């Protein structure tokens with residue numbers, strides 16, 4: 001859905 | 001398809017992104033690595049499939065469930081993965 005940095 | 005384990009030393013950020021999960025109809029997969037981040041330092045590679053997170057099989061997990069297990073991980077991040 002979106003680019004989420006972990 | 002050979003498997004390996006990591007135990008990344010905290011704190012997060014862990015230095016990676018995921019794609020997939022049950023709600024995306026694909027296995028959870030390492031999809032980006034931060035240059036020099038902790039996942040890259042453990043030789044995690046883009047395309048590797050996440051088989052378990054903290055001992056919990058990843059197969060049933062949604063994208064958000066995996067993200068939150070990773071994000072909210074206390075101490076080291078233990079995962080097993082399958083090489084692409």
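Data for the structure
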| item | result |
| --- | --- |
| Length released on extending from residue B:59 to residue B:12, taking residue separation times 0.36 nm less the Cα-Cα span | 14.6 nm |
| For the protein assembly as shown: Kirkwood Rh in Å [reciprocal of mean 1/r, alpha carbons] | 12.7 Å |
| Taking B:32, B:76 and counting other C-beta atoms within 10 Å, the order from fewest to most | B:76, B:32 |
| log₁₀ of I(q)/I(0) at q = 0.11, 0.21 Å⁻¹ - chain B, Debye sum with one point per alpha carbon | -0.23, -0.93 |
| Shielding score for B:27-34, defined as the mean number of other chain Cβ atoms within 10 Å | 1 |
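Only the coordinates and a few stated rules stand behind these numbers; no lab work does. Heads up, the Cβs are rebuilt from the backbone with ideal geometry, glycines too, and the neighbour counts pull from every protein chain shown.
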